[PDB]
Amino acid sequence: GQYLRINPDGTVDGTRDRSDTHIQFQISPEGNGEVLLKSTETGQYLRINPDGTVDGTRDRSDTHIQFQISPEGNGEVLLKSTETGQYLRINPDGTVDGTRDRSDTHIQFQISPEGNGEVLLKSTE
């Protein structure tokens, strides 16, 4: 299982190093049961693009940063891009993309509180 990471250059991947500074996220309520996922280190929001890539942006007006967190028992949740209907996936190789099949083995996350309001997004594997 890997921690979701938004790098300073805007790329998104996974990592097992919990000491990385780019895995801490601020989840800000948006209404509609929708939220934003903001990497506090760089001020970048998690974004799923319609083509399936995942990256970071500071553009708060961007429509692809809105997410729905959907609980799936056992502590796990899914993270769905509202605008494209894609679920966040962290692949075994460490790459991060979007998929529209809810049956995928790598789209389930466990949210881990850091103690300061910020949370880690860790893939269950």
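Sequential numbering from 1, following the sequence displayed.
Comparing 112 to 120 with 98 to 106, the stretch with the higher mean C-alpha B-factor in the PDB entry is 98 to 106. The stretch with the higher mean CA B factor, choosing between 85 to 93 and 64 to 72, is 64 to 72. Based on the entry's C-alpha B-factors, the most elevated value among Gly43, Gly31, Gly52, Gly56 belongs to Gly31. Residue-level temperature factors show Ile48 in the lowest third of its chain, judged at the C-alpha atom. Per the PDB record, residue ranking by Cα B-factor puts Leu37 in the lowest third of the chain. Compared with the other modelled residues of the chain, the Cα B-factor recorded for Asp17 ranks in the highest third.
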